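For reference, the structure discussed in these notes is given below.
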Number of protein chains: 2
Amino acid sequence: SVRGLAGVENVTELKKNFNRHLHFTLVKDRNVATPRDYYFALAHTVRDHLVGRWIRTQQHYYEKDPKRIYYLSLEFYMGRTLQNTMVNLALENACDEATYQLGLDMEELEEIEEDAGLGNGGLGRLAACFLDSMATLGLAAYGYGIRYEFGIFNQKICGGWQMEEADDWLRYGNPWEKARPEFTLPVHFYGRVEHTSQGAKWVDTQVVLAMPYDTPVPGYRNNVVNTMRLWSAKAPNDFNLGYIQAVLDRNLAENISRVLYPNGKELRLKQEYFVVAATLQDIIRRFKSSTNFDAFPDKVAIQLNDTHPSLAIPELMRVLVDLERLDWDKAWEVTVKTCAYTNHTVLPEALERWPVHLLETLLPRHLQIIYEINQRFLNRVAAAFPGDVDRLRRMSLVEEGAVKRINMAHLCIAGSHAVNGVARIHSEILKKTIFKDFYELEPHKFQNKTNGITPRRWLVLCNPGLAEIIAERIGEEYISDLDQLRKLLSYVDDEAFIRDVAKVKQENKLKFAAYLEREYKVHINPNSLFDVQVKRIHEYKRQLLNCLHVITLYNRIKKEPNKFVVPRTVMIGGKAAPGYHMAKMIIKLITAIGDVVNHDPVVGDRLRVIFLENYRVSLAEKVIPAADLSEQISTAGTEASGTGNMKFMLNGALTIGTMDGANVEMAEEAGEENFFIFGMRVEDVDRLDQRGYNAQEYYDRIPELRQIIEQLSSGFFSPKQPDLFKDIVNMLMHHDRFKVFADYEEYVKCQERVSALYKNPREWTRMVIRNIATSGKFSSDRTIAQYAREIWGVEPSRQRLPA
Amino acid sequence: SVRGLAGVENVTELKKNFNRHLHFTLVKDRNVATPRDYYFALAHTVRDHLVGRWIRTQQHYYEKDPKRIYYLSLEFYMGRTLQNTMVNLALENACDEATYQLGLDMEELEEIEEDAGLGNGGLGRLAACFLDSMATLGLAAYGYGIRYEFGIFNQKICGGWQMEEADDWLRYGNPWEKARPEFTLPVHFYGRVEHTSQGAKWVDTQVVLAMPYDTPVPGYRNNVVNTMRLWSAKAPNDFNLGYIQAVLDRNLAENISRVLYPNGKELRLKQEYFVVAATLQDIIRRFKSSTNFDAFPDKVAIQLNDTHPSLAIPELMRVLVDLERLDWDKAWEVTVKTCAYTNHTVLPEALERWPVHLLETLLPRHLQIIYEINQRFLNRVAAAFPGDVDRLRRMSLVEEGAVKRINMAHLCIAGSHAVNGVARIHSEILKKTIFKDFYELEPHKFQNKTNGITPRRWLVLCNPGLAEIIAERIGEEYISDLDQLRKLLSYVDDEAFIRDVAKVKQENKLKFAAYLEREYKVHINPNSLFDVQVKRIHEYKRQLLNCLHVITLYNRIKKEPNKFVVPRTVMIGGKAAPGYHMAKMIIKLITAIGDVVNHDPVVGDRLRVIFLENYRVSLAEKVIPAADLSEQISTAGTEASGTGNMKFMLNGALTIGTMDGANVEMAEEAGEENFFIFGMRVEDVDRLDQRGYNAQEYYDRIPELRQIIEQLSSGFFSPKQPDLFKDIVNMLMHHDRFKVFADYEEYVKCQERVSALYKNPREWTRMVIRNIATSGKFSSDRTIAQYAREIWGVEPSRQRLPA
Ligand SMILES: OC[C@H]1CN(CCCc2ccccc2)C[C@@H](O)[C@@H]1O
Ligand SMILES: OC[C@H]1CN(CCCc2ccccc2)C[C@@H](O)[C@@H]1O
């Protein structure tokens with residue numbers, strides 16, 4: 001029903017276009033076609049329905065000439081496109097019927113599509129949700145990035161160890177993209193700066209070509225189709241031009257767009273400048289086709305997703321000053337009013353600081369511009385806070401020391417009219433700590449825009465069962481207006497609704513339990529509580545704290561085997577960065593625990609530990625609707641927002657978490673009685689750091705914790721390699737930056753409360769209903785409406801374009 | 001008229017499919033579309049008409065299960081595909097009308113298509129003509145090769161010097177190919193040989209993937225559409241699997257299909273094995289889908305185009321012996337009956353001899369097989385010619401010496417049931433000289449198959465004006481039965497026909513003269529005799545002899561300025577191999593002569609020297625119909641056949657040439673009175689070599705020749721670099737392998753006879769008519785019918801498949 005109408009004319013028309021594409025496009029007959037061929041024929045049929053809208057949307061923007069939004073990101077974690085396109089075009093039921101009549105299962109065909117895995121995690125998925133919301137809200141918005149030939153690696157688990165393999169996502173082709181080789185642009189590297197009578201000139205550069213590929217981004221049932229433009233690196237035709245080697249060395253230039261970096265390398269800097277330089281030429285071209293750059297900020301907004309595209313600031317200055325001949329002060333005025341910066345973390349290991357010698361060689365003109373920006377900026381600090389010499393060194397874009405570095409975050413703050421964090425607590429921490437000096441100089445710049453997720457992909461698409469039972473009571477309006485879910489509060493005592501919510505969850509769990517047996521040959525009890533933590537493997541996300549709880553349960557079972565315990569399936573998934581040794585050790589630990597627990601006859605089906613292999617958007621869409629418990633247990637102050645948390649909330653899971661990131665706002669919206677909050681607050685973490693964190697203290701005073709550490713050390717979980725986990729124990733005991741032991745007791749206690757509530761199915765489900773009903777604020781439609789009004793200066797619209 | 005019907009239903013249907021493709025396929029509206037977009041929309045519309053026939057042709061072969069022909073070549077010089085497809089499908093007039101009604105010029109759109117330049121010259125063009133003829137003759141034939149990312153380089157002339165640039169022919173895409181990533185095959189390199197109880201095993205190999213791309217090859221109006229399958233190199237997904245570098249090093253494997261070699265490097269050997277290994281797996285798969293390999297030669301013919309795919313012989317043995325477990329003698333019987341080899345030249349510099357140490361490392365199992373082939377072969381020689389020890393060393397596949405080499409030609413003769421040359425004189429030279437020993441052992445193996453050209457591309461397509469005036473008198477049957485052109489003999493005294501032939505030539509010359517002004521800003525007299533030599537720049541093709549004639553004419557004009565001479569436009573074109581210094585010097589000489597001649601006021605428009613830049617198939621289609629005189633002046637015994645010669649003959653040019661290659665058969669067919677033959681015969685060249693060639697003798701006895709040499713030496717043609725041409729003069733005087741001076745006198749004399757005949761337009765044209773009328777034998781339909789009956793053991797057919 002939420003999947004639209006299956007009209008007689010539409011079903012007939014889809015069937016014939018399907019057959020046309022199979023014959024003419026794929027060059028196949030029905031007798032030689034594989035499931036893959038059928039997928040492609042379907043993909044091309046659905047794609048056809050986009051193009052008319054795509055052309056008229058871009059035609060519409062040319063006529064109306066609205067302010068254009070440029071969202072610059074090095075990551076767009078798109079996942080699969082087929083189902084999303086059907087949903088947004090109201091084609092899902094029609095295609096389902098059309099394929100059924102051809103003797104095909106549409107769900108089977110959907111599984112053939114590769115994830116577009118052009119992101120690592122939350123940052124890349126946020127960009128993807130944002131594109132969806134911008135189209136749904138009728139904004140003239142463009143996503144700009146890089147078309148990586150290889151996305152995030154596929155994770156294979158071999159002997160409990162992560163193995164990486166190339167994600168060759170383009171092998172069979174991408175039906176969604178359109179190459180635009182006609183709009184290829186030159187990008188310059190290296191060379192030197194020459195000063196003449198008429199200003200500076202950047203000369204003797206190497207040229208790399210930037211070739212755009214456009215992907216359509218459909219809005220939800222409004223006939224708006226926006227563009228995601230991704231640049232591909234091409235060598236010029238006179239490149240290096242014995243002969244054979246010159247042709248083979250073209251690879252060097254084209255390596256720029258070859259691979260997405262996981263997580264100061266020259267290739268990464270090249271990628272960062274490549275996307276920025278090509279994108280800005282496009283922006284200016286489009287602006288000139290509307291001399292007078294005073295109107296530039298009225299027609300252009302550039303959003304810098306993290307500091308990765310921060311070179312947009314000195315690149316824009318370069319173009320305005322060196323090429324368009326504007327004076328410095330006017331160019332700077334235009335730059336600041338055009339650009340805005342989103343910070344994504346306070347963790348020092350993630351902050352970009354480029355060695356000066358790199359910029360010197362690669363982008364000599366940009367370094368000069370950065371120096372000049374810094375000088376003028378520091379003069380302003382000096383005048384506002386006279387004599388405060390330490391403030392000057394703290395605020396400088398140039399970090400002095402062993403190697404000189406440029407702080408890209410400081411560059412972004414200076415060159416932007418708005419700086420935002422991604423959840424209220426994160427945004428406050430920014431103003432109180434790392435950007436305190438900048439906030440004191442320019443308080444007006446600093447904002448919050450709490451993250452969100454798209455309810456199209458993260459409810460309608462992945463959980464149609466839940467979307468439907470909601471639509472039955474309150475209609476379909478909530479899909480583009482998620483605040484309407486509040487209406488579900490008046491159904492909290494409705495015995496029919498309670499039964500339906502719980503039924504949808506059980507079906508999801510049954511479906512996922514089947515998926516596990518079929519594609520991974522693993523057997524789980526679908527009646528157990530589905531306890532899931534899925535996200536990148538990092539020490540701050542504290543997968544290890546989860547591991548300690550799992551082992552505690554196992555040790556409690558072995559101690560009192562004939563005592564009753566609420567059965568659990570504990571699922572942990574996520575990728576470790578290839579060079580991150582500790583993260584790789586944690587994965588090994590998780591599998592090692594499973595090896596012991598899953599094969600202990602005394603445990604039975606009361607406890608299972610499963611490591612979810614190759615976590616990615618398409619896997620998320622399967623496991624999230626099946627979850628009962630969402631683990632969001634980062635040390636308070638470390639997780640800027642989180643977005644997985646919101647996905648679980650929308651899909652009927654209860655949350656055990658710390659007061660970190662968006663968890664704080666989630667608990668505020670639902671009421672803290674409907675959340676399982678535990679552990680230190682930010683203030684408690686601060687107190688512990690001042691006093692000094694001593695892990696040994698917890699080890700000495702908690703016998704259950706001591707036993708686990710002794711088990712890890714002695715080789716209980718690694719019988720043939722007794723010291724395998726020495727690194728983990730050492731880290732926990734002596735250099736734990738994230739205070740795992742400090743939250744252990746309260747975590748285990750809170751987990752007991754979870755189990756207690758699960759014993760009462762009716763009251764569990766009523767609490768679930770109170771969560772789903774208050775999850776409205778965490779729609780990316782809300783987030784994007786806030787960016788539009790408070791940063792970009794444009795009004796969202798829900799009005800249809802003509803079909 | 002020869003361009004088919006323009007029906008009301010067809011024109012209407014083409015127009016709507018054109019618009020569909022522009023909208024849905026290209027994602028453009030009429031207001032943003034460029035000529036390139038229109039070309040692509042047309043290309044896709046025409047392509048649609050192929051697929052139905054393509055699918056049913058391959059379906060037809062599956063049912064009827066005929067003997068399959070595999071033509072293995074490292075070069076396929078296809079040129080443009082659009083017009084050729086229209087011609088063979090009878091769509092040319094219909095598309096012309098359909099585009100006219102859309103407000104488009106179809107000829108303009110045709111110029112946008114890039115040449116598929118996957119060949120160097122005659123060898124690659126021969127393969128292309130052959131594919132056309134095989135489809136036209138209804139043979140179940142497949143062309144197999146490599147999809148080079150970069151074809152033959154684009155030639156730029158800068159300051160009279162050749163510059164090479166990458167031929168990025170795939171930049172805008174190739175509408176004609178269909179990627180078949182589903183039929184990807186593994187190819188092995190390196191590793192080592194292991195001997196077990198159950199035979200040899202090739203282990204520890206590196207794997208490169210071979211991905212096929214299929215291109216349709218339509219027959220002439222018979223609804224047959226055959227396949228050209230070209231392999232692309234892909235790295236496996238666990239390749240080298242810090243992380244980033246492993247992904248970037250995938251380039252190394254994929255370099256195999258990156259670039260076509262011009263003209264013993266490891267990359268070239270890899271290309272040669274790559275095409276062979278992937279192709280043979282395909283051949284065997286298709287054969288198994290018809291255990292019993294006795295029937296293999298009844299169902300499979302493999303034609304080795306030159307020695308480049310010669311590894312097919314030991315690869316086939318490897319598969320049959322190591323994998324299928326056949327005994328050596330039976331496998332060898334199957335191999336010999338399956339394979340046939342075409343030799344393309346007797347020139348030693350072109351013969352492939354691979355260092356043993358290369359094969360040792362790259363293909364260790366193949367080396368073992370080659371040694372075993374040699375041993376068994378030499379035992380057979382020893383038994384046939386007992387005690388003849390020098391014969392044994394001469395015939396060995398293994399050449400001993402400083403470095404040990406494998407002679408790939410000797411390998412091909414031993415492993416093939418048929419060996420052919422490419423013109424009668426060439427085939428005789430093979431038996432008399434380089435393969436004399438092999439001919440004495442197995443006389444039955446040795447054949448001739450004189451080359452041919454396709455009358456579709458080389459008459460109908462490039463010279464519609466001539467095709468039409470011929471069709472007016474004798475009908476359209478000759479297009480697929482070129483012997484019918486003999487009927488034109490009865491029109492040699494027909495005043496109407498004479499006028500028409502001459503009119504078509506003048507129009508072609510006017511059209512080409514306009515092309516030169518527009519695309520190259522050069523001005524020529526269209527009334528002058530168009531004297532043209534187009535082909536690869538090589539010393540044996542004797543472009544230098546042409547240069548000496550040009551200078552002689554210039555010196556004769558300057559001597560008697562007010563004397564009347566027949567005006568000439570001398571056009572020379574062709575590419576020099578990048579590392580071939582002498583060839584590059586000859587190009588410079590040609591331009592240097594033009595610089596002097598074209599700007600001498602005394603000369604006027606009586607003599608022009610033009611160097612035709614970037615010679616290629618599409619340029620050939622323009623200049624050949626415009627030519628009056630075809631220069632085919634290789635030293636007798638060096639040009640195996642030539643095919644350009646035949647193109648010129650078919651298109652109304654008279655030929656000045658030596659008795660070399662197919663020139664001998666061309667003069668035989670037309671009668672020698674209708675050809676301008678001059679110079680030494682093969683026997684005369686032999687006599688001169690025995691005596692010793694002394695260039696000085698000619699210099700001393702011919703004052704006109706002396707003057708030219710003195711002009712070159714003194715710096716007449718290079719005023720600012722007086723010694724620029726020292727290398728050329730030195731070579732001519734002291735180490736001329738091709739005896740340029742020896743043919744000078746007779747050449748200049750013969751050129752005078754040409755000029756005399758040109759003064760009498762009526763008698764020139766009557767001789768032209770006698771040439772065109774006897775050009776029938778040089779159709780590749782004839783050549784291929786001979787291969788089919790005499791080598792492959794199959795019957796050609798002109799019967800239509802159902803439409
Ligand atoms: O804003 C999107 C997400 C962005 N991420 C950025 C994580 C950055 C990071 C990267 C490597 C190591 C530590 C941290 C944090 C989440 O809390 C947010 O929800
Ligand atoms: O058979 C096709 C052509 C094949 N070519 C092969 C030329 C090979 C060669 C390549 C480099 C240097 C010298 C010779 C010779 C022509 O006479 C033939 O017509």
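Chain labels A, B, ... are given in the sequence in which chains occur in the structure tokens; within each chain residues are numbered consecutively from 1, and ligands are likewise numbered from 1 in the order shown.
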
Exercise. For chain B, list the residues within 9 Å of chain A, counting only C-alpha atoms, and write the list as a VMD selection string.
Key: chain B and resid 23 to 29 47 to 49 51 to 52 54 to 55 150 163 to 168 171 to 173 178 to 182 236 to 239 241 to 244 246 to 248 251 255 258 to 261 578 to 579

Those residues you just picked out, can you put them in a file as a tab-separated table (two decimals), in the first residue's frame with C-alpha atoms?
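Below you can see out-v3.tsv, which holds the result:
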```
chain	number	residue	atom	x	y	z
B	23	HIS	CA	16.29	11.68	-24.73
B	24	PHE	CA	16.65	8.39	-22.83
B	25	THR	CA	20.12	7.17	-23.84
B	26	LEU	CA	22.10	10.40	-24.03
B	27	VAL	CA	19.94	12.36	-21.54
B	28	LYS	CA	19.77	15.49	-23.71
B	29	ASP	CA	17.13	17.83	-25.10
B	47	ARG	CA	22.98	-0.40	-33.65
B	48	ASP	CA	19.43	-1.41	-32.63
B	49	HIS	CA	18.90	-2.86	-36.16
B	51	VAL	CA	21.03	-6.82	-32.43
B	52	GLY	CA	18.05	-8.84	-33.66
B	54	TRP	CA	23.20	-10.68	-34.16
B	55	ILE	CA	21.22	-12.77	-31.64
B	150	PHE	CA	45.15	3.12	-27.01
B	163	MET	CA	55.13	13.92	-33.06
B	164	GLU	CA	53.19	11.07	-31.46
B	165	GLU	CA	50.16	11.46	-29.26
B	166	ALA	CA	47.97	8.92	-27.48
B	167	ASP	CA	44.95	7.72	-29.43
B	168	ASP	CA	42.34	7.95	-26.67
B	171	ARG	CA	37.14	8.75	-24.38
B	172	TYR	CA	33.53	9.41	-25.50
B	173	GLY	CA	32.62	5.71	-25.44
B	178	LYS	CA	29.08	-4.90	-25.74
B	179	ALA	CA	31.04	-5.72	-22.57
B	180	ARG	CA	30.54	-9.33	-21.55
B	181	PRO	CA	31.94	-9.26	-17.97
B	182	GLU	CA	30.04	-12.49	-17.26
B	236	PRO	CA	41.65	-10.34	-9.82
B	237	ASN	CA	40.05	-8.91	-6.63
B	238	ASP	CA	42.57	-10.43	-4.20
B	239	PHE	CA	45.46	-9.03	-6.31
B	241	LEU	CA	46.14	-8.74	-1.15
B	242	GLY	CA	50.05	-1.20	2.22
B	243	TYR	CA	46.37	-1.53	1.27
B	244	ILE	CA	46.42	1.56	-1.00
B	246	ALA	CA	48.04	-3.05	-3.53
B	247	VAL	CA	45.01	-1.40	-5.17
B	248	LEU	CA	47.23	0.95	-7.24
B	251	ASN	CA	47.62	-1.26	-13.11
B	255	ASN	CA	48.81	-2.84	-18.71
B	258	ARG	CA	46.71	-0.83	-22.65
B	259	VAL	CA	48.55	-0.12	-25.89
B	260	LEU	CA	49.13	-1.45	-29.40
B	261	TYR	CA	52.79	-1.92	-30.28
B	578	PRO	CA	58.41	5.96	-33.04
B	579	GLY	CA	61.96	4.54	-32.72
```

Exercise. May I have all residues of range 241-399 of chain B that DSSP, computed from the backbone, assigns to strand (DSSP E or B), given as a PyMOL selection string?
Key: chain B and resi 259+300-305+339-342+353-355+398-399

Practice problem: Using only C-alpha atoms and all ligand atoms, find each residue with an atom at most 8 Å away from ligand 1 and format the answer as JSON, numbers by chain. | Solution: {"A": [121, 122, 123, 124, 125, 126, 263, 343, 344, 345, 346, 347, 349, 350, 422, 451, 538, 540, 638, 639, 640, 641, 642, 643, 644, 661]}

Could you save the residues just selected, with C-alpha atoms, as a PDB file, in the first residue's frame?
```pdb
ATOM      1  CA  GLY A 121      30.735   5.173   7.540  1.00  0.00           C
ATOM      2  CA  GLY A 122      28.697   7.940   9.139  1.00  0.00           C
ATOM      3  CA  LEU A 123      30.221  10.911   7.296  1.00  0.00           C
ATOM      4  CA  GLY A 124      29.580   9.333   3.876  1.00  0.00           C
ATOM      5  CA  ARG A 125      26.087   8.052   4.803  1.00  0.00           C
ATOM      6  CA  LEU A 126      25.196  11.513   6.150  1.00  0.00           C
ATOM      7  CA  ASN A 263      39.845   6.045   8.260  1.00  0.00           C
ATOM      8  CA  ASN A 343      32.936  19.739  11.944  1.00  0.00           C
ATOM      9  CA  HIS A 344      32.413  16.010  12.472  1.00  0.00           C
ATOM     10  CA  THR A 345      34.616  15.115  15.474  1.00  0.00           C
ATOM     11  CA  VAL A 346      36.754  16.514  18.321  1.00  0.00           C
ATOM     12  CA  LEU A 347      39.113  13.537  18.299  1.00  0.00           C
ATOM     13  CA  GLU A 349      43.599  11.746  15.484  1.00  0.00           C
ATOM     14  CA  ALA A 350      40.990  12.733  12.888  1.00  0.00           C
ATOM     15  CA  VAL A 422      26.436  17.707  14.356  1.00  0.00           C
ATOM     16  CA  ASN A 451      22.247  15.033  12.314  1.00  0.00           C
ATOM     17  CA  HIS A 538      37.292   1.880  16.856  1.00  0.00           C
ATOM     18  CA  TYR A 540      36.169   5.082  21.166  1.00  0.00           C
ATOM     19  CA  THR A 638      33.784  11.222  21.837  1.00  0.00           C
ATOM     20  CA  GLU A 639      30.930  10.370  19.419  1.00  0.00           C
ATOM     21  CA  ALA A 640      30.034  13.717  17.798  1.00  0.00           C
ATOM     22  CA  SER A 641      26.502  12.553  16.943  1.00  0.00           C
ATOM     23  CA  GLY A 642      26.120   9.022  15.651  1.00  0.00           C
ATOM     24  CA  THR A 643      23.433   8.266  13.045  1.00  0.00           C
ATOM     25  CA  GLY A 644      23.107   4.501  13.472  1.00  0.00           C
ATOM     26  CA  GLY A 661      26.285  12.633  20.746  1.00  0.00           C
TER      27      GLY A 661
END
```

Please provide as a PDB file with N, CA and C atoms, in the first residue's frame all residues within 8 Å of range 60-66 of chain A, with the sequence filter that same-chain residues fewer than 5 positions apart are discarded (counting only C-alpha atoms).
```pdb
ATOM      1  N   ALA A 140      17.743  23.532  -4.951  1.00  0.00           N
ATOM      2  CA  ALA A 140      18.618  23.429  -6.118  1.00  0.00           C
ATOM      3  C   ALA A 140      20.024  23.029  -5.678  1.00  0.00           C
ATOM      4  N   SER A 290      24.208  32.986 -15.662  1.00  0.00           N
ATOM      5  CA  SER A 290      22.984  33.319 -14.927  1.00  0.00           C
ATOM      6  C   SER A 290      21.882  33.828 -15.853  1.00  0.00           C
ATOM      7  N   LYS A 299      23.879  33.740  -4.987  1.00  0.00           N
ATOM      8  CA  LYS A 299      23.553  32.697  -5.956  1.00  0.00           C
ATOM      9  C   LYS A 299      24.246  31.366  -5.653  1.00  0.00           C
TER      10      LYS A 299
END
```

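Take the candidates B:89, B:118, B:756, B:423 and check each one against residue 452 in chain B using only C-alpha atoms; the shortest distance goes to B:423.
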
Quiz prompt | Residue set, range 552-587 of chain B restricted to helix (DSSP H, G or I), as a list in words | solution = residues 552, 553, 554, 555, 556, 557, 558, 559, 581, 582, 583, 584, 585, 586 and 587 of chain B

Let me see the file: selected residues, N, CA and C atoms, as a short mmCIF file (atom, residue, chain, number, x, y, z; two decimals), in the first residue's frame.
```
data_model
loop_
_atom_site.label_atom_id
_atom_site.label_comp_id
_atom_site.auth_asym_id
_atom_site.auth_seq_id
_atom_site.Cartn_x
_atom_site.Cartn_y
_atom_site.Cartn_z
N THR B 552 63.75 16.00 -59.03
CA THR B 552 64.13 16.00 -60.44
C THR B 552 63.21 16.93 -61.24
N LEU B 553 61.91 16.83 -61.00
CA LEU B 553 60.91 17.68 -61.64
C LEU B 553 61.14 19.15 -61.30
N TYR B 554 61.40 19.42 -60.02
CA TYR B 554 61.69 20.77 -59.57
C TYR B 554 62.94 21.33 -60.26
N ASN B 555 63.99 20.52 -60.34
CA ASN B 555 65.24 20.93 -61.00
C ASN B 555 65.08 21.12 -62.51
N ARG B 556 64.21 20.31 -63.11
CA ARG B 556 63.88 20.46 -64.53
C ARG B 556 63.07 21.73 -64.81
N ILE B 557 62.14 22.06 -63.91
CA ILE B 557 61.38 23.31 -64.02
C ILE B 557 62.30 24.52 -63.88
N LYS B 558 63.14 24.54 -62.85
CA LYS B 558 64.07 25.65 -62.64
C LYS B 558 65.07 25.82 -63.79
N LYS B 559 65.35 24.74 -64.51
CA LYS B 559 66.27 24.76 -65.63
C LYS B 559 65.62 25.36 -66.88
N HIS B 581 64.53 5.98 -36.66
CA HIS B 581 65.16 7.26 -36.95
C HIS B 581 65.14 7.64 -38.44
N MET B 582 65.53 6.71 -39.31
CA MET B 582 65.57 6.96 -40.75
C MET B 582 64.19 7.34 -41.32
N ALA B 583 63.15 6.63 -40.88
CA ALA B 583 61.78 6.90 -41.30
C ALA B 583 61.34 8.30 -40.91
N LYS B 584 61.76 8.73 -39.72
CA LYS B 584 61.46 10.07 -39.24
C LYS B 584 62.19 11.14 -40.05
N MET B 585 63.41 10.81 -40.49
CA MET B 585 64.21 11.70 -41.34
C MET B 585 63.60 11.88 -42.73
N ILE B 586 62.99 10.82 -43.25
CA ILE B 586 62.33 10.84 -44.56
C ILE B 586 61.10 11.75 -44.53
N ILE B 587 60.33 11.68 -43.45
CA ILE B 587 59.19 12.57 -43.25
C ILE B 587 59.67 14.02 -43.26
#
```

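The environment of range 775-786 of chain A within 8 Å, counting only C-alpha atoms and disregarding residues fewer than 6 places along the same chain, consists of residues 129, 130, 133, 134, 136, 137, 449, 450, 451, 452, 453, 454, 455, 480, 481, 482, 483, 484, 485, 486, 646, 649, 650, 666, 669, 670, 795 and 796 of chain A.
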
Could you turn the residues from that selection into a file that holds C-alpha atoms, as a PDB file, in the first residue's frame?
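What ended up in selection.pdb:
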```pdb
ATOM      1  CA  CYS A 129      20.830  11.030   3.412  1.00  0.00           C
ATOM      2  CA  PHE A 130      21.370  14.768   2.914  1.00  0.00           C
ATOM      3  CA  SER A 133      16.451  15.272   1.824  1.00  0.00           C
ATOM      4  CA  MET A 134      17.619  18.190  -0.360  1.00  0.00           C
ATOM      5  CA  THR A 136      12.678  15.964  -1.306  1.00  0.00           C
ATOM      6  CA  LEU A 137      12.704  19.580  -0.058  1.00  0.00           C
ATOM      7  CA  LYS A 449      22.698  21.229  13.208  1.00  0.00           C
ATOM      8  CA  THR A 450      21.871  17.886  14.800  1.00  0.00           C
ATOM      9  CA  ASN A 451      22.247  15.033  12.314  1.00  0.00           C
ATOM     10  CA  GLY A 452      19.369  13.066  10.827  1.00  0.00           C
ATOM     11  CA  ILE A 453      18.626  10.059   8.633  1.00  0.00           C
ATOM     12  CA  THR A 454      16.257   9.770   5.670  1.00  0.00           C
ATOM     13  CA  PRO A 455      12.938   8.078   6.550  1.00  0.00           C
ATOM     14  CA  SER A 480       7.985  13.452   4.253  1.00  0.00           C
ATOM     15  CA  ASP A 481       6.935  14.916   7.640  1.00  0.00           C
ATOM     16  CA  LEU A 482       8.319  12.585  10.313  1.00  0.00           C
ATOM     17  CA  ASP A 483       7.076  14.724  13.237  1.00  0.00           C
ATOM     18  CA  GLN A 484       3.632  13.202  12.506  1.00  0.00           C
ATOM     19  CA  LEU A 485       4.831   9.947  14.144  1.00  0.00           C
ATOM     20  CA  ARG A 486       3.906  11.660  17.448  1.00  0.00           C
ATOM     21  CA  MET A 646      18.628   7.113  14.990  1.00  0.00           C
ATOM     22  CA  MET A 649      15.216   4.096  17.124  1.00  0.00           C
ATOM     23  CA  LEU A 650      13.062   4.493  14.003  1.00  0.00           C
ATOM     24  CA  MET A 666      17.095  11.002  21.563  1.00  0.00           C
ATOM     25  CA  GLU A 669      12.656  13.385  22.911  1.00  0.00           C
ATOM     26  CA  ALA A 670      11.433   9.988  24.169  1.00  0.00           C
ATOM     27  CA  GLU A 795      13.488  28.214   1.718  1.00  0.00           C
ATOM     28  CA  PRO A 796      12.630  24.520   1.423  1.00  0.00           C
TER      29      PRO A 796
END
```

Quiz item: Got a sec: who's within 12 Å of residue 443 in chain A, counting only C-alpha atoms, leaving out chain neighbours fewer than 3 positions off, as a PyMOL selection string?
Solution: chain A and resi 413+417-420+428+430-432+435-440+446-447

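When the distance limit is 10 Å and only C-alpha atoms are what count, the residues near residue 678 in chain A, minus those fewer than 4 positions from it on the same chain, are residues 633, 656, 657, 658, 659, 743, 744, 745, 746, 747, 748, 749, 750 and 751 of chain A.
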
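The closest residue to residue 500 in chain A, picked from A:128, A:800, A:654, A:769 and counting only C-alpha atoms, is A:769.
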
Quiz item: Can you tell me, as a PyMOL selection string, what residues are no more than 9 Å from residue 693 in chain B when counting only C-alpha atoms, ignoring any on the same chain fewer than 6 positions away?
Solution: chain B and resi 736-737+739+742

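Restricting the calculation to only C-alpha atoms, the smallest distance between residue 348 in chain A and any of A:434, A:698, A:221, A:394 is found for A:434.
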
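When only C-alpha atoms are used to measure the gap to residue 83 in chain A, the shortest distance among A:618, A:774, A:527, A:645 belongs to A:618.
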